[PDB]
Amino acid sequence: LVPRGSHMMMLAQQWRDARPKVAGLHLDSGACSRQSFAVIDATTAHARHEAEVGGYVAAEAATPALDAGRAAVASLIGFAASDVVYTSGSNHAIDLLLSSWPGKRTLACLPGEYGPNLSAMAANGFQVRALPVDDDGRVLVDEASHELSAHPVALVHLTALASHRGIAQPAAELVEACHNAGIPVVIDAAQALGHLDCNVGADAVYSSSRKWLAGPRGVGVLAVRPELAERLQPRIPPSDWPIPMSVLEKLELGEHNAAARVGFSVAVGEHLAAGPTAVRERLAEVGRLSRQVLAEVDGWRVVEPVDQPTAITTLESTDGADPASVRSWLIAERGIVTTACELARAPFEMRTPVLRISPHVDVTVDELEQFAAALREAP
């Protein structure tokens, strides 16, 4: 632990200048990032085009953008474009899948599982088991492998990057371990897509638009491999469906903001254009730099090991400060945007709430130091 300086990458700056100017300081891209000028205009145009030719004729004519969106998502998760369906977001995604799941509804997940995920699982009548993990919450693959062969489950659900902690989970090696026990794997990549290599052999993946891909709100994607999609049994319409259509078509049924979906196609486009590997290398670096700067703040400890290939850093208060009030103070008084993660976010891992830092590629050591600074004079 001899501190290392920031790599200079023109990517940081290109990204800052393709997006509206921040009013204060935004360290919250793990909750809602920032839409590029291009993503904002593309959304606005679809809405204008709806007024000039009609909503549904506009939507039919947007099919090339929407399909490019599915193909971009597909290229990142190593699926096909036609395995990929649109969604309101990741919780819409997990519900559509678990609500559709045929036969014995039993699953194993991390104890650090997202609280609204556990909520969906139980609401769809799943039995949920914890997988073995280390002191950080990172799955033990050897043991998880032994556990799954002896005591199988109908599906393992893996959140490859938790909303509440910047540990990158060994997604790929867990997936072969599960396939080695004949068990499918669903990945919650709400935080992982556009941040971690999500090309790991998974049977289903879902993510949200508004996070690291910097898409509009109200959009997610759900990808299912065709072996698994055909076995699925959607809730709407009912199985006796006079209307005939595939599973993915049923799962994609419903009114949605189509402008936001073309918005989202542009934003995935921008991530491919920037280079997925370069953007991931830089986010790993943002995490490191973030943990270097915050290593010595009195009243706060850094939770993540320093070199986790992630941009998510979490601070547990060492004198029982309430992250929520520190967050409200940092906004009202310093224009700095963070997230306070309550216990409810991962009720089977978190003993104490945490303040979360999730900057995108455009953050500077200067700005991290300014956050460090503001965090010290908090009342």
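A residue's number is simply how far along the shown sequence it sits, counting from 1.
In this entry, 273-281 has the higher mean Cα B-factor, the comparison being between 87-95 and 273-281. Remark: stretch with higher mean C-alpha B factor among 98-106 and 212-220 is 98-106. Residue-level inspection of the entry shows that, of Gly166, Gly263, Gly254, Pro242, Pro242 has the top Cα B-factor.
Across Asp67, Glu342, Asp322, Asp28, the greatest Cα temperature factor reported in the deposited entry is at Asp322.
Per-chain ranking of the deposited C-alpha B factor places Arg327 in the highest third. Sort the chain's modelled residues by C-alpha temperature factor and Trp300 lands in the highest third, per the entry. Compared with the other modelled residues of the chain, the Cα B-factor recorded for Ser207 ranks in the lowest third. Among all modelled residues in its chain, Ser317 ranks in the highest third by Cα B-factor. In this PDB entry, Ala71 carries a Cα temperature factor that places it within the middle third of its chain's modelled residues.
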